[PDB]
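Below you will find one chain, with nothing else, as C-alpha cells; this is the form solved without the DNA, and questions on how it binds or moves follow later.
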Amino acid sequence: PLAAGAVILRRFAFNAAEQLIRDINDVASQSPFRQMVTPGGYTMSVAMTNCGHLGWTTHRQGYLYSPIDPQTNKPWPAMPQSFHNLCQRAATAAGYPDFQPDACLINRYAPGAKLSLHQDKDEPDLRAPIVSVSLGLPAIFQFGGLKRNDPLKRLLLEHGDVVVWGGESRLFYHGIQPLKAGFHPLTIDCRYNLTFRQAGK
C-alpha cells in the first residue's frame, strides 16, 4: 500500500487523453495559462489555469478559490464534459461515488518546472479526495506524510495515469521534481496535470 488512502489507476485516462488535451487547449483559449506569484514573491515555474465554477488562484498575497479569473475578470471556463466524465469514472472506481468537483486546476510543466513540497488544505472539506490526471511527459511525484519532515517516497507519473488522493493521503505533503525534457506525441514537449477538487462549501 504505497500511500494510505490513495488509489493509483495507471493509464486510466490513456484513451481519453487526446480529448482531454483538446479541452485543455479550449479552456486556455479563454483563461490563459499564467505563472502565478507565490505569497513570498516568487514566480512559479509551473503555469496554471482553471475550469469549473471555482478556480485556484493567488489573490491579495494569499491563496483561494474564486469564481472569477483575475486575469480576465470573467468566470473560469465551464468544466468540459471530458473532464467531468473522466473524474467521475475514476472517483467512482476508487470508492468516492459522490465526489462532485467544482474546480479543476490545470498545471503545465515545461522542462525544469517543479512544485515545492506542500499540502492542499485550501478546501472546506478535507474528506473529499483530490483526483489527479497526468498527460504528456513523465514526472517524478514525491510525497511524504502528515508532517513536513516525514520520509519521502517517489513515483513516476506517466501519460494517462490517474491518482485518487483520499483518506490520509489527502493530507500528505507532496510535490513534483524538475521535469525532464523530452518528446510526447500528444503534448509535444510538456506535461499537463488536472487536479479536481471540491472547493465550494
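Rigid core (definition): largest C-alpha set, two forms, superposition within 1.5 Å. The first residue of the shown sequence is 1; numbering continues from there.
- Between stretches 156-164 and 57-65, the one whose Cα atoms sit farther from the displayed model in 4 other deposited structures of this protein on average is 57-65 (core-aligned, root mean square).
- Averaged over structures and residues, the CA distance from the shown form in 4 other deposited structures of this protein after a core fit is larger for 168-176, of the two stretches 168-176 and 28-36.
- The mean Cα B-factor in the deposited entry runs higher for 71-79 than for the other of 71-79 and 103-111.
- Between the stretches 170-178 and 132-140, it is 170-178 that shows the larger average CA temperature factor.
- Taking the deposited Cα B-factors for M36, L156, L146, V163, the highest one is held by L146.
- Among all modelled residues in this chain, the alpha-carbon of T49 has a temperature factor (C-alpha) in the lowest third.
- Annotation for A4: C-alpha temperature factor in the highest third relative to the rest of the modelled chain, per the entry.
- When all modelled residues of the chain are sorted by CA temperature factor, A91 is found within the middle third.
Unshown form deposited with the DNA bound; subsequent notes refer to it.
- Contact check at 4.5 Å (heavy atoms) against the DNA in the bound PDB entry: all three of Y42, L105 and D120 pass.
- Comment: 58-66 is the region of 58-66, 131-139, 156-164, 22-30 lying near the DNA in the bound PDB entry, near meaning a non-hydrogen atom within 4.5 Å.
- Proximity of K114 to the DNA in the bound PDB entry: non-hydrogen atoms within 4.5 Å are present.
- Residues of 167-201 that come within 4.5 Å of the DNA in the bound PDB entry, judged by any heavy atom, reduce to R197 alone.
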